[PDB]
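Okay, so here's the structure we're looking at.
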Amino acid sequence: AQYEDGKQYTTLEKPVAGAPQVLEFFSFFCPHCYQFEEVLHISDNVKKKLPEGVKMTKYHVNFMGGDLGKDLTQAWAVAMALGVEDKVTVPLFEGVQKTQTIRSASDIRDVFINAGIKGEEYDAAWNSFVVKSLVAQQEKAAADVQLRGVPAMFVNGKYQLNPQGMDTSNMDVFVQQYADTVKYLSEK
């Protein structure tokens, strides 16, 4: 076939019921994730090719960056709860990996303040049980699918993208192959 198990994707030996349609995992400590976000715009290019009636989910993970890794997962819960994902994603990546100005929860908070989220609004969210369950959801989804590496994308809780098995001579071709794979899996 043109798309083959073990080549552009792998199948989960144990499928996950009720999982989000397109589920993506990342970490602000993850170097390929930085690329996926700022240079390749993977999420956005996948969206553009997905049928409609399809929801995309993106979750942060704990297993990189220790204590700060966990803070970043809570902050991402804050971003999702407030719907400010597209205002903090880039400054969080650059603060962690480029400028190295994020070293504490307070510095994460500064990124939101600078993006125009109010102190009051941020701290209440941070401390809310709505954010706590959102954190639980991120962990549960990761735990459900064995997750030891990011970036990662899962389709309908059954298929896992395999970017190692695609060309990387040309970044544009890589992205289209990746998105076309997601669309194919989607229709499977």
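By convention in this document, the chains of the structure tokens carry letters A, B, ... by their order, each chain's residues are numbered from 1, and ligands are numbered from 1 in the order they are shown.
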Near-residue 87 (chain A) list (10 Å; only C-alpha atoms; drop same-chain fewer than 5 positions) as a PyMOL selection string = chain A and resi 79+92+111-112+114-117
For residue 17 (chain A), list every protein, DNA or RNA residue within 10 Å, evaluated using only C-alpha atoms, and leave out those in the same chain fewer than 2 positions away; present the list as an mmCIF file with N, CA and C atoms, in the first residue's frame.
data_model
loop_
_atom_site.group_PDB
_atom_site.id
_atom_site.type_symbol
_atom_site.label_atom_id
_atom_site.label_comp_id
_atom_site.auth_asym_id
_atom_site.auth_seq_id
_atom_site.Cartn_x
_atom_site.Cartn_y
_atom_site.Cartn_z
ATOM 1 N N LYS A 14 -3.191 -1.556 21.992
ATOM 2 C CA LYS A 14 -4.401 -1.325 22.748
ATOM 3 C C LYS A 14 -5.008 0.041 22.462
ATOM 4 N N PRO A 15 -6.084 0.052 21.666
ATOM 5 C CA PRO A 15 -6.833 1.240 21.240
ATOM 6 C C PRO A 15 -7.400 1.969 22.442
ATOM 7 N N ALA A 19 -11.436 8.603 22.990
ATOM 8 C CA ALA A 19 -10.346 9.570 22.814
ATOM 9 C C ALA A 19 -10.703 10.674 21.812
ATOM 10 N N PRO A 20 -10.084 11.859 21.961
ATOM 11 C CA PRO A 20 -10.259 12.943 20.982
ATOM 12 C C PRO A 20 -9.871 12.485 19.575
ATOM 13 N N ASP A 144 -3.043 7.174 28.989
ATOM 14 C CA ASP A 144 -3.834 6.220 28.216
ATOM 15 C C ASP A 144 -3.092 5.647 26.995
ATOM 16 N N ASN A 156 -7.973 9.188 16.392
ATOM 17 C CA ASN A 156 -9.128 8.511 16.938
ATOM 18 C C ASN A 156 -8.731 7.461 17.966
ATOM 19 N N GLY A 157 -7.737 7.784 18.777
ATOM 20 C CA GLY A 157 -7.277 6.869 19.796
ATOM 21 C C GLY A 157 -6.785 5.525 19.309
ATOM 22 N N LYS A 158 -6.460 5.432 18.025
ATOM 23 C CA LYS A 158 -6.036 4.168 17.425
ATOM 24 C C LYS A 158 -4.716 4.237 16.661
#
Atom pair CA of residue 91 (chain A) + CA of residue 60 (chain A), distance 15.2 Å
Skip residue 29 (chain A) itself and residues of its chain fewer than 3 positions away, then list as a PyMOL selection string all residues within 12 Å of it, counting only C-alpha atoms.
-> chain A and resi 26+32-35+60-73+92-98+100+102-103+149-151
Contact residues around region 43-57 of chain A with only C-alpha atoms at 6 Å, ignoring same-chain residues under 4 positions, as a PyMOL selection string = chain A and resi 22-23+179+183
For the atom pair CA of residue 130 (chain A) and CA of residue 27 (chain A), what is the interatomic distance in Å to one decimal place?
-> 21.1 Å
Name the residues of region 25-163 of chain A that come out as strand (DSSP E) in a backbone DSSP run; write them as a count of residues only.
-> 14
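Comparing A:129, A:154, A:122, A:76 by their smallest distance to residue 181 (chain A), the closest is A:154 (using only C-alpha atoms).
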Residue 126 (chain A) surroundings by only C-alpha atoms, 10 Å radius, close-in-sequence under 5 positions cut, as a PyMOL selection string | chain A and resi 71+74-79+81+109+120-121+131-132
Go ahead and write the selection's residues with C-alpha atoms as a compact mmCIF listing (two decimals), in the first residue's frame.
# COMPACT_ATOMS: atom_id res chain seq x y z
CA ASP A 71 4.17 24.16 36.00
CA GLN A 74 -0.75 23.70 34.67
CA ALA A 75 -0.12 26.91 32.64
CA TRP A 76 -1.27 25.21 29.49
CA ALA A 77 -4.46 24.22 31.37
CA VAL A 78 -4.80 27.93 32.19
CA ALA A 79 -4.30 28.84 28.53
CA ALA A 81 -9.42 27.43 30.11
CA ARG A 109 3.08 34.04 34.66
CA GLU A 120 -6.20 38.64 38.82
CA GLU A 121 -7.58 36.55 35.95
CA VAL A 131 -7.78 24.05 35.78
CA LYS A 132 -7.15 21.09 38.09
Give the helix (DSSP H, G or I) residues of region 82-187 of chain A, as DSSP finds them on the backbone, and put them as a PyMOL selection string.
-> chain A and resi 82+85-98+105-114+119-127+129-144+163-165+171-187
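Each of A:142, A:16, A:42, A:21 was checked against residue 186 (chain A) using only C-alpha atoms; the smallest atom-to-atom distance is that of A:21.
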Hey, which of A:99, A:106, A:89, A:169 ends up closest to residue 119 (chain A)? Count only C-alpha atoms.
->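 Of the candidates, the smallest distance to residue 119 (chain A) is held by A:106.
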What is the distance, in Å and to one decimal place, between CA of residue 12 (chain A) and CA of residue 180 (chain A)?
-> 19.6 Å
Using only C-alpha atoms, which residue out of A:153, A:138, A:105, A:166 lies closest to residue 123 (chain A)?
->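 Between A:153, A:138, A:105, A:166, the residue approaching residue 123 (chain A) most closely is A:105.
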So which one's closest to residue 36 (chain A), A:24, A:104, A:4, A:137? Using only C-alpha atoms, please.
->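 Selected residue with least distance to residue 36 (chain A): A:24.
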